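>>> Got an experimental structure here, sequence first:
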Amino acid sequence: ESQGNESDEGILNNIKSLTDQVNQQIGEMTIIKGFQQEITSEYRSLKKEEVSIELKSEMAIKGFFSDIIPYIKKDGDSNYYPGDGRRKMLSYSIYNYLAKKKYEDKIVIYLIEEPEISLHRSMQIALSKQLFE
Amino acid sequence: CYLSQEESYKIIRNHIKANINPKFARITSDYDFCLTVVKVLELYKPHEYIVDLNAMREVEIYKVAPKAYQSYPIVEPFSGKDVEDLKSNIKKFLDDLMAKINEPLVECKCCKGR
Amino acid sequence: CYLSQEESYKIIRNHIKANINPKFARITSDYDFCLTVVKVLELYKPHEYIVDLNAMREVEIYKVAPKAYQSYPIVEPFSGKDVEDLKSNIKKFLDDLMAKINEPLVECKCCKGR
Amino acid sequence: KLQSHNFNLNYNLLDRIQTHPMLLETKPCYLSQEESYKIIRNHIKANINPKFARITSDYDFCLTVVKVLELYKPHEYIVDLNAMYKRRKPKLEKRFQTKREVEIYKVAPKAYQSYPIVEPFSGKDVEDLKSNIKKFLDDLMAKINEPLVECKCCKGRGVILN
């Protein structure tokens, strides 16, 4: 939905080149080349089909967009983490973010059923403020 | 007698990387499937960032690829009636290509490179 | 006025890229987190690969990172008494460093490159 | 003298019509693609010196022989067994290597990965074809049996005849 300028297009093409090089570098390893060469022979012995078996990274084939996910990064810390309550809270902000700018052409009705399940009481008050204030 | 499509690309890359002048041009994308060398739209060469600490539009020139890849221009296979004729042709094309890439930047006149 | 780690790495990278001699050395990894320079163990520069077609050990000098990354050496943050002391210290550091990069290869005698 | 050839061979389709089958042998001939690869693979297996060079991958679709060269000073470096995964902390380990192996010759009977396709053997005569095969066969073997020590004067870099 967002607009893509020329600079973003250049970055998009640059990433595709980087992922392609990643797949090319994987095929250059000895242990990778050794396995896929012999597993090809095993397959050929199984069935006289003219095919070859290659080991490629799935993301480098589908593209970076395929497996991009949000990471809750605490400030001052270089580690990236997939806590649990913060995941529930941030999952609501995605709903908050979408509510602002996703469905501008339809009436959106939210059916929120038992939000308090496995939710800390401080987070319940936070959700209460979102719903009514 | 003509060289292969991939072999034609291989020699240009290896020779461009050889005589490339960082003063005028820079190589950005250097991959087995694509190549992109751009100019350095920037002032005199020695010790600029150093005087910066003391104080306190990018343009592509050549884009080639052995095979159809993204929007990269396709490479052309060096074809010559005689092998020495091919050798003369391959050299002349390269100097013509690479004198272009090392050509000093225009002074920019009105806007003074700003 | 002591320069911090990150921008100290920046000026070396920008200086190395700007004035390098591709005939003598090349940059393998050029990233904001690491930088690697290697030596071209290969002959005279003009058209070596273009003549052998008619007939038909890697070494690194400088490795540096602004922050701890893999096995790259940590860049030292430039320090000095004043601005001109930094400028003098930075200048001499770059030249002696980059003379090592652009130093012509050793013929190495008995192997004669083989 | 007859053909006296175990390996079968082919001729041009157009030039067979005007000739006699007994007169085919003296005419120009070419070998089969897979046959050419099979000849090279079989000879290499029987003729390479195990100490000088090592064959890494021999298959019906690919063939790779690398040159083993011994560094006089035993090379020492550090490897990481956790380098395949980014998240966990690195763990270093010492390894000594003495035989540095470089790829020298590789070929395939047909297009497979990046392997170069073997060219068929051609000759103006069946005996001329045999000599061409023998000469190329000896050339490849000679490249394989090159001596191997690294230069004390020229530390690193490459090899010197010994």
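That came in fine, so what should we check first? Numbering: from 1, shown residues only, chains lettered A, B, ... in the order given.
>>> Checking my notes, residue A:8 in a helix, right?
Yes - assessed by DSSP: H, G, I helix; E, B strand; the rest coil, residue A:8 belongs to a helix.
>>> Can I take it that residue A:4 is in a helix?
No - with three-state DSSP as the criterion, residue A:4 is located in coil rather than a helix.
>>> ok, it - contacts?
residue A:12 (Cβ atoms under 8 Å, 6 or more residues apart in numbering or on different chains). C-beta: built from backbone N, CA, C; applies to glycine.
>>> For the chain, which segments are assigned as helices?
You didn't say which chain, so I picked chain A. A:6-27, A:30-46, A:58-62, A:85-101, A:121-132 (DSSP state H).
>>> should've been chain B
B:5-19, B:49-55, B:83-101.
>>> Now tabulate the helices of chain A in TSV and tack on distance to chain C and mean neighbour count.
TSV is the format used below for the helices of chain A (distance: least, Cβ to the nearest Cβ, whole Å; neighbours: other Cβ atoms under 10 Å in any protein chain shown):
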stretch	distance to chain C	mean neighbour count
helix A:6-27	11	14
helix A:30-46	16	14
helix A:58-62	18	13
helix A:85-101	27	12
helix A:121-132	36	11
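>>> With distance to chain D added, can I get those in TSV?
As requested, the helices of chain A are exported to TSV (distance: least, Cβ to the nearest Cβ, whole Å):
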stretch	distance to chain D
helix A:6-27	8
helix A:30-46	5
helix A:58-62	13
helix A:85-101	18
helix A:121-132	28
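>>> out of the helices of chain B, deepest packed?
helix B:5-19 (a mean of 17; mean count of other Cβ atoms under 10 Å in any protein chain shown).
>>> related to what we said a few turns ago, closest to residue A:93 out of the helices of chain B?
In terms of Cβ to Cβ, the element of these nearest to residue A:93 is helix B:49-55, at 40.7 Å.
>>> quick revisit: could you export the helices of chain B to TSV, including columns for distance to residue D:8?
Below are the helices of chain B laid out as TSV (distance: least, Cβ to Cβ, whole Å):
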stretch	distance to residue D:8
helix B:5-19	33
helix B:49-55	71
helix B:83-101	34
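>>> At the contact with chain C, which residues of chain B appear?
B:3, B:7, B:11, B:14-15, B:17-23, B:26, B:40, B:45-47, B:49-51, B:53-54, B:83-84, B:87, B:90-91, B:94 (Cβ under 8 Å from any Cβ of the partner chain).
>>> how far away is the closest residue to chain C within chain A from residue D:80?
Residue nearest to chain C within chain A: residue A:78 (8.9 Å; Cβ to the nearest Cβ). For residue A:78, the distance to residue D:80 equals 19 Å [Cβ to Cβ, to the nearest Å].
>>> tell me, what residue is most central in chain A?
The centre of chain A sits closest to residue A:68, judged by Cα atoms, centre = their mean, with a distance of 2.5 Å.
>>> How about the contacts made by that residue?
Contacts of residue A:68 by Cβ under 8 Å, 6+ apart: none found.
>>> repeat for the one 5 residues further on
Contacts for residue A:73 (Cβ under 8 Å, 6+ apart) come out as A:79-81.
>>> Now render those as a markdown table, adding distance to chain B.
Converted to a markdown table, the contacts of residue A:73 look like this (distance: Cβ to the nearest Cβ, whole Å):
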| residue | distance to chain B |
| --- | --- |
| A:79 | 31 |
| A:80 | 28 |
| A:81 | 33 |
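>>> Pull the number of nearby residues for the residue nearest to residue A:95 when sequence neighbours are not counted.
Excluding its sequence neighbours, the residue lying closest to residue A:95 (Cβ to Cβ, 6 or more residues apart in numbering or on different chains) is residue A:110, at 8.0 Å. Neighbour count of residue A:110, defined by other Cβ atoms under 10 Å in any protein chain shown: 7.
>>> And residue A:110, how close does it get to chain B?
43 Å (Cβ to the nearest Cβ, to the nearest Å).
>>> now that residue: how far from residue A:98?
11 Å.
>>> How about the contacts made by the nearest residue to residue B:10 once chain neighbours are set aside?
In space, and not counting its chain neighbours, residue B:10 is closest to residue B:66: 7.5 Å by Cβ to Cβ, 6+ apart. For residue B:66, the contacting residues are B:5-6, B:8-10, B:32-33, B:75, by Cβ under 8 Å, 6+ apart.
>>> Taking the chain centroid, which residue in chain B is the extreme one?
residue B:56 (35.5 Å).
>>> Can stretch A:21-39 be said to contact chain B?
Yes - counting by Cβ under 8 Å from any Cβ, contacts between stretch A:21-39 and chain B involve A:21, A:24.
>>> how distant is that stretch from the center of its chain?
25 Å (Cα atoms, centre = their mean, to the nearest Å).
>>> Can you pull out the residues in contact with it?
So stretch A:21-39 is contacted by A:52-57, A:60-61, B:31-33, D:56-57, D:59, D:62, D:113 (Cβ under 8 Å, 6+ apart).
>>> First residue to last residue on it, what's the distance there?
23 Å (Cα to Cα, to the nearest Å).
>>> Show me what residue B:37 is bridged to.
residue B:27, residue B:62 (DSSP bridges).
>>> That one contacts residue B:27, correct?
Yes - counting by Cβ atoms under 8 Å, residue B:27 is a contact partner of residue B:37 at 4.8 Å.
>>> end-to-end on stretch A:48-62?
29 Å.
>>> How about that stretch and chain B, any contact?
No - figure legend: stretch A:48-62 not in contact with chain B (Cβ under 8 Å from any Cβ); closest approach 13.3 Å.
>>> which outside residues touch that stretch?
Taking Cβ under 8 Å, 6+ apart as the rule, stretch A:48-62 contacts A:19-20, A:22-23, A:26-27, A:32, A:35-36, A:39-40, A:43-44, A:66-67, D:61, D:112-113.
>>> again, but for stretch A:95-103
Contacts of stretch A:95-103 (Cβ under 8 Å, 6+ apart): A:1, A:108, A:110, A:130.
>>> what's near enough to touch the closest residue to residue A:118 other than its chain neighbours?
Leaving aside its sequence neighbours, residue A:118 sits nearest to residue A:88 (Cβ to Cβ, 6+ apart; 7.7 Å). Residue A:88 makes contact with A:118-119, A:123, according to Cβ under 8 Å, 6+ apart.
>>> Now with 10 Å, please.
Shown in contact with residue A:88 (Cβ atoms under 10 Å, 6 or more residues apart in numbering or on different chains): A:115, A:117-120, A:123, A:127.
>>> burial count for residue B:72?
Neighbours of residue B:72 (other Cβ under 10 Å): 19.
>>> From residue D:53, how far out is it?
39 Å.
>>> now residue B:82
38 Å.
>>> what do you get for residue A:10?
For residue A:10 relative to residue D:53 (Cβ to Cβ), the value is 47 Å.
>>> what do you get for residue A:25?
From residue A:25 to residue D:53 the distance is 26 Å (Cβ to Cβ).
>>> Residue B:42 contacts residue B:25, doesn't it?
No - assessed by Cβ atoms under 10 Å, residue B:42 is found out of contact with residue B:25, at 11.3 Å.
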